[PDB]
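What follows is each chain in one-letter form.
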Amino acid sequence: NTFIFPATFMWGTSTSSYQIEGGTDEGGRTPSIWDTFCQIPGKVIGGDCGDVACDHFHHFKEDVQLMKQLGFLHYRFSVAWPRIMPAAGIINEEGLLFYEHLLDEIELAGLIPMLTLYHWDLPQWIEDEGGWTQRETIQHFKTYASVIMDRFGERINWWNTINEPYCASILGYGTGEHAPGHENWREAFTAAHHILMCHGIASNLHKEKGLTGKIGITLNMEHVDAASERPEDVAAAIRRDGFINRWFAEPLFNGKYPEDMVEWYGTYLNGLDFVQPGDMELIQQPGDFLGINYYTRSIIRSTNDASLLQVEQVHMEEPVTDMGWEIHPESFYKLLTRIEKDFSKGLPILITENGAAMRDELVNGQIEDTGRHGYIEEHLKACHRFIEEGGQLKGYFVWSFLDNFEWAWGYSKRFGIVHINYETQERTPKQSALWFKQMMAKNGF
Ligand SMILES: *[C@H]1O[C@H](CO)[C@@H](O)[C@H](O)[C@H]1F
């Protein structure tokens, strides 16, 4: 009973610029939308902000070194837009420089990087103009994406255009739970449209520059189950499915929005007026791979409330993380299968984010995060069953190399395999991290 992964399975770890970097007002960086957002009372637990965070801006050389010794060959990070374009058309050399020195270390250590272009930290000066609700913002992204592709490109093996368009649009302008924090469904869908286009934008700039590195977008997807066999619950699950999965996957591989969902939104879509000629075509560019982020399945029931979807999420209390998320690895194998079947039916699948947050305690310099550990392994068994069965999964990046700013949850939630002591900023690998190093060694378990 062993699980040996492919010979070329890419193993790595992922992080995000605002979530770890710190150095918010250093090197010319100007405020991002989350710096404004974290300041609104009640938006983020304990009022935590991305101020300092893990301070990766100063400890990066050690962190990359710490990765190598940990056994990792791939590292996915993101570039802080506010660090590159602190203002309308200016290009901050000091910022392009930080990532350069970072890349030096990546290569010096002998690792293969994956640069994520957009990971929710939009420049506040851009949100001032209307942010993602304005087509013009797509032009500002083109500017940003070109600079980074020209300044590099000859050193990037994998390009990750947008990380989870669903969060940045639905949660950022619709539910108000992420930054900038608007509660307007007409904006959320307009924003989802514009961010989805920025994926095409970067994919075009990619072909024109003739870069050789791979390119793909990242969607957070979730397997959905109906709460009961009642017709309304089944309909409820369908809606939730199109809401998170189909509304972003459909345009990516089919060049269209889910018809059923388009109807359910109706008025809020304003008749798809935000869609201009050539937009859908621009958006339908799968690229060389499809990045996926998964954590747990959702159990859905119907309600007749005042919410957009009118769906309720049954809160499974059985085996859950410190975040209250159910631990159902079966659903991961199930979601991966459904992703191949539709949409990627062939195209390489890369798991750009998978992990869990548990309560961590130090026992004489070591953290026995048996819980987190069991979570990675079990979910890896699902990826293994997908493979072996014909699954095109070519990689897996454990989410959070280090504990970091967990958005609205702040620092209270730790996804790291490496412990961060925020009073001293010192790093300390968790048992789960040691387990991963051994695992990648034998390339299995
Ligand atoms: C994947 O989800 C985790 C857990 O919420 C976030 O910290 C990452 O930014 C996201 F890409």
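Residues numbered from 1 in each chain as written, not as in the entry; some residues may be left out. Heavy atoms only, no water.

In the nomenclature of the PDB entry, the protein chain corresponds to BETA-GLUCOSIDASE B from the organism Paenibacillus polymyxa. Within the Protein Data Bank, this record goes by the title "BETA-GLUCOSIDASE B FROM BACILLUS POLYMYXA COMPLEXED WITH 2-F-GLUCOSE".

## Examining the overall build of the protein chain
Secondary structure summary: the protein chain contains 15 helices and 13 strands in total. Relative to the globule expectation of 22 Å for 445 residues, the C-alpha radius of gyration of the protein chain, 21 Å, shows essentially globular dimensions. Based on the C-alpha atoms only, the size of the protein chain along its principal axes is roughly 55 × 55 × 45 Å. Classification of the 445 residues of the protein chain by burial places 60% in the buried group. Each charge class in the protein chain can be summarised by its mean position, and for the 36 positive and 63 negative side chains these summaries are 5 Å apart. (Helix = DSSP H or I, 4+ residues; strand = E, 2+ residues; numbered from the N terminus. Rg over C-alpha atoms; globule rule 2.2 N^0.38 Å. Buried < 20%, exposed > 50% of the residue type's maximum accessible area, 1.4 Å probe, protein only. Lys, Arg positive; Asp, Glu negative; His and termini not counted. Charge placed at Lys NZ, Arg CZ, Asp CG, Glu CD.)

## Structural notes on the layout of surface pockets
Quantified by volume, the largest pocket comes out at close to 1300 Å³. Together, 44 residues line the largest pocket, and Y166, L171, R240, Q313 and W325 are the ones closest to its centre. Looking at the lining of the largest pocket, the elements that each hand over two or more residues are helix 8 (165-174), helix 10 (231-254), strand 8 (298-302) and strand 9 (311-314). A total of four residues in the lining of the largest pocket trace back to one element, the largest contributor, which is strand 9. For the lining of the largest pocket, the residue count by class is 24 nonpolar, 11 polar and nine charged. Approximately 170 Å³ is the volume attributed to the second largest pocket. If you trace the second largest pocket, you find it lined by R135, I138, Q139, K142, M197, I201, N204, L205, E208, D279 and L282. (1 Å grid on protein atoms, 1.4 Å probe; cavity = no way out; pocket = protein on both sides within 12 Å on 5 of 7 lines; lining within 4 Å. Points joined across faces, edges and corners; volume = space filled by probe spheres on them. Nonpolar A, V, L, I, M, F, W, Y, C, P; charged D, E, K, R; others polar.)

## So, helix 9 (residues 185-208)
What sets the pattern is the α-helix's 3.6 residues per turn: residues three or four places apart point alike. Compared with an ideal rise of 1.5 Å per residue, which puts 24 residues at 34 Å, helix 9 spans 35 Å between its outermost C-alpha atoms and is within 8% of the ideal. Of all the 24 residues making up helix 9, 19 are buried; the element is thus mostly covered by neighbouring parts of the structure. Residue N184 occupies the N-cap position of helix 9, its side-chain oxygen lying 2.9 Å from the main-chain nitrogen of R186. Immediately beyond the C-terminal end of helix 9, within one or two residues, lies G210, with a positive phi of roughly 65°. (Expected span 1.5 Å × (residues − 1). Polar contact = N/O pair within 3.5 Å; in protein donor to acceptor, adjacent residues only side chain to side chain.)

## Observations regarding the state of the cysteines
Two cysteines whose sulfur atoms are joined by a covalent bond form what is called a disulfide. Summed over the entire model, instances satisfying the criterion amount to one disulfide. What pairs with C38 in a disulfide is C49, and their sulfur atoms sit 2.0 Å apart. In this structure the cystine formed by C38 and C49 twists about its S-S bond by roughly 95°; its chirality is therefore right-handed. Of the two residues, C38 sits in the loop between helix 2 (33-37) and helix 3 (56-70) while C49 sits in the loop between helix 2 and helix 3, which places them 11 residues apart along the sequence. For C38, a relative accessible area of 4% translates into the label buried. Between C54, a free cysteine, and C49, which holds the nearest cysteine sulfur, the sulfur-to-sulfur gap is 15 Å. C198 takes part in no disulfide bond, and the closest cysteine sulfur to it belongs to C167, at a distance of 16 Å. The class of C198 is buried, set by a relative accessible area of 0%. (Disulfide = S-S within 2.5 Å.)

## Details of the UniProt feature "active site" in the protein chain
UniProt records the feature "active site" at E164 and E353, using the numbering of this structure. As for the lining of the largest pocket, the annotated residues named previously contribute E164 and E353. Looking at the secondary structure, you find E164 in the loop between strand 4 (158-163) and helix 8. Given the relative accessible area of 5%, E164 is considered buried. Other than its neighbours up to four places away in sequence, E164 contacts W120, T218, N220, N293 and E353. Apart from residues lying up to four places away in sequence, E353 is in contact with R76, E164, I292, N293, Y294, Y295, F397 and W399. (UniProt positions renumbered as here; feature names shortened; annotations may be inferred. Contact = heavy atoms within 4.5 Å.)

## Description of the site of the ligand
Around the ligand, the neighbouring residues are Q19, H119, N163, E164, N293, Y295, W325, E353, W399, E406, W407 and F415. Here an oxygen atom of the ligand sits 2.8 Å away from a polar atom, N or O, in the side chain of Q19. A distance of 2.4 Å is found between an oxygen atom of the ligand and a side-chain nitrogen or oxygen belonging to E406. Computed on the free molecule, the ligand has an accessible area of 300 Å², of which 94% lies beneath the protein chains in the complex. (Near = heavy atom within 4 Å. Areas by Shrake-Rupley, 256 points an atom, 1.4 Å probe, with all protein chains shown as cover.)

## Considering the packing of aromatic side chains
Going through the model one piece at a time under the given rule, you end up with 45 aromatic pairs. On the numbers, 4.4 Å between centres and 25° between planes, the contact of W247 with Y257 is stacked. Linking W247 in helix 10 with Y257 in the loop between helix 10 and helix 11 (259-265), this pair joins segments that are 10 residues apart in sequence. As far as burial versus exposure is concerned, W247 and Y257 are alike and both buried. Ring-pair connections join several aromatic residues into one group, and the members of that group are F3, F5, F9, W11, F72, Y396, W435, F436 and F445. Sitting above the plane of the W264 ring, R239 keeps its charged end 4.0 Å from the centroid. For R385, the ring lying beneath its charged end belongs to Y333, and the centroid distance is 4.3 Å. (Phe/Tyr/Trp six-rings, centres within 6.5 Å; stacked < 30°, edge-to-face > 60°. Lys NZ or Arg CZ within 6 Å of the ring centre and 35° of its normal.)

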